[PDB]
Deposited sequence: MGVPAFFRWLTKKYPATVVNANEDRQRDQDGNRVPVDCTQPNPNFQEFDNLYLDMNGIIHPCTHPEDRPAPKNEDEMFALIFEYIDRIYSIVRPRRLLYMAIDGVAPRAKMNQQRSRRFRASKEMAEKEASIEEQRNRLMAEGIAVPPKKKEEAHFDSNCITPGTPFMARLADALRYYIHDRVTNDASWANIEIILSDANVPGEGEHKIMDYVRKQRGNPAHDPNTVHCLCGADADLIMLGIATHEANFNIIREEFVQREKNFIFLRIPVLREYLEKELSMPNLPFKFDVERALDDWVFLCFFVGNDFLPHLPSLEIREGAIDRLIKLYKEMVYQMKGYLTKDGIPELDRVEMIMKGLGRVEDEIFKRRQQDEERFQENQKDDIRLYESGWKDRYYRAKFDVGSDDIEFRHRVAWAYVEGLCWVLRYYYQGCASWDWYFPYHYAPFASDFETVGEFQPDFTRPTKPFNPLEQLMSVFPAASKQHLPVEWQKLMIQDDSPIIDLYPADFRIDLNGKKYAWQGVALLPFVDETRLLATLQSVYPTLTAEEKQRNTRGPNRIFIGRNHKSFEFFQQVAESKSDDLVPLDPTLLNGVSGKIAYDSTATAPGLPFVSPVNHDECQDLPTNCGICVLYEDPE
């Protein structure tokens, strides 16, 4: 909770406890500090706990897991009581930048699942030689929580039944809209949510006072909330340390006021824009840490790296006469200005970090590091600039991801270690170039570039062969084991996984010979799919949807935002939707998931406003 414990301690008022009912009637006024209009769920954060909880005993079968997810959504919903919109965002295929970090995670997990059972087998055999009896394939692979797998496809169907059941049977759902963004819609859940808010904000019908609440534990969600620029934005998450399950709201509006005082500067050379200084603060946070680059060795959140950048940033400001970023594009001469400044103090940070192999704290540290981690030395500083320039390109990509939507589905940082701030000289001459057109991978291709061979069940049978047999021309992409560099850090999960980068071109080349063996179901999982929006029979836009649903036509119809509190977009007929008035048989075999005798919810395809 590195970033949170920092934020919570520094700005304690941004945290407010949730009141919760411990038979709940959600139509009643919300007992929390305010009422909420929109609830966004980053689904991946609910699925992982509900399918392989590491603290409880795991659920028996998939039906029990789907029921828990239903129960958990019900729980968040009854707390937040969104009066307008409920948005459920599942991870689709991610940009390349994320895929390398997703690959590292699935490869690492399969290693642990194997080390789990190697120790289980070690305990058993230890007991059997001591003199204690012991008890005697049907395990859950957390990697199956990835776009393209059978499981993800089955979760999407359970969520459809869920949405119809609650919108028909739950009285509080009677007048809300529900959007579902499943794993065939490319993009991480959080960025789908980010983009939904952004495209709404950009339409005149949008209610600028909608009360937003986003559910998820990632720290990025704090910056997402700032970058939406939405007035009343909030996060709900579980308490970090608690005796029972307790939820708290992070109140972005409160953080704004705190940051508004933190980031005020006297004698500014160009007009003070509070909205634009927050944007620079967001960029500075991603500088210290983000999903797509390794963290510079001189910036650790526990060492007050954010406080340090602010002081450094405030200093820059009285020098180049403008803000650090404009609309998501960092000014690279100003980046270099902060990097030269952080570089003058890198040596002190290491020596200060020392009082607590590679010797960052004693002289000559930079050259050992570039020899140790990259195997280059002193002579080659063209290389040091090459990683540094590759690194700033990354930061451009990140800030652009949040503020304007993905800039490149193909870009990635091609190194296992980060440079030092002193290497970012000359970075000002770099000009980022994200104009090459890129499209996301197909789900199965990303499986191939993100799975280890241990998770080959989830692939078409002819594709599994490509992951394991020695004659396979991509067998090199699926090592049985790999070494993890601890990198000074304590635990193996803080270290670097030394896995080969995927040869995108050679992968797609190999897959050409096996693409025609896909089944219909496999071809289906491998298709870019749409978003869906649901309303109940009482919703004031129900008849509107019903016309579009009955048209059986594929033209995208612009919504009447008057019937939706300003939600804009386009909808169209969903041939797979279950119509109002028909039964909806439950795909989840559980006491809590009864068949629906008559579905009263209508489901159409949804498209964010262009």
Gaps in the model, given as deposited-sequence positions counted from residue 1: 1 to 3, 26 to 34, 149 to 152, 373 to 382
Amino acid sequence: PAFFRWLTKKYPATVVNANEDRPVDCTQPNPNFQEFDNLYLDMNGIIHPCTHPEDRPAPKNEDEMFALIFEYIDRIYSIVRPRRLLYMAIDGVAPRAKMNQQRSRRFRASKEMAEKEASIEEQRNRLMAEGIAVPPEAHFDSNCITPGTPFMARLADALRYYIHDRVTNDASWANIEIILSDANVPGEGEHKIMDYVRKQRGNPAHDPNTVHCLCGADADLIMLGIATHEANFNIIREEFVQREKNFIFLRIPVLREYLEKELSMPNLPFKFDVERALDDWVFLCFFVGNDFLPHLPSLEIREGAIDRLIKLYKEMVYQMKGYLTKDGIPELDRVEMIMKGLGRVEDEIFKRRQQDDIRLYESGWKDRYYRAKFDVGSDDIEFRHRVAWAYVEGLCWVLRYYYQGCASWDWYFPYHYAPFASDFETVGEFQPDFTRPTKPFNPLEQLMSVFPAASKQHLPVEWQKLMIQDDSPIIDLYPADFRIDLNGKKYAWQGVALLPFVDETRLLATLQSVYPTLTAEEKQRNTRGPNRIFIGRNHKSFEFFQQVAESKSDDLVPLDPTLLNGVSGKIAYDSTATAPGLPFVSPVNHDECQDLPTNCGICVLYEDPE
From here on, numbers count along this sequence of modelled residues.
Of 413 to 421 and 148 to 156, the stretch whose C-alpha atoms average the higher B-factor in the entry: 413 to 421
Mean Cα B-factor comparison, 83 to 91 or 280 to 288, giving the higher one as deposited: 280 to 288
Highest recorded Cα temperature factor - choice among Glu177, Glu117, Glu190, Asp74: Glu117
Top Cα B factor in the deposited entry, candidates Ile310, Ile226, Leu508, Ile236: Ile310
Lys570 by Cα B-factor - lowest, middle or highest third of the modelled chain: lowest
Position of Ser513 among the chain's modelled residues by C-alpha B-factor, lowest, middle or highest third: highest
B-factor third for the C-alpha atom of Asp165 within its chain: lowest
Cα B factor band for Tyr391 (lowest, middle or highest third within the chain): middle
Third of the chain, ranked by Cα B-factor, where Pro53 sits: highest
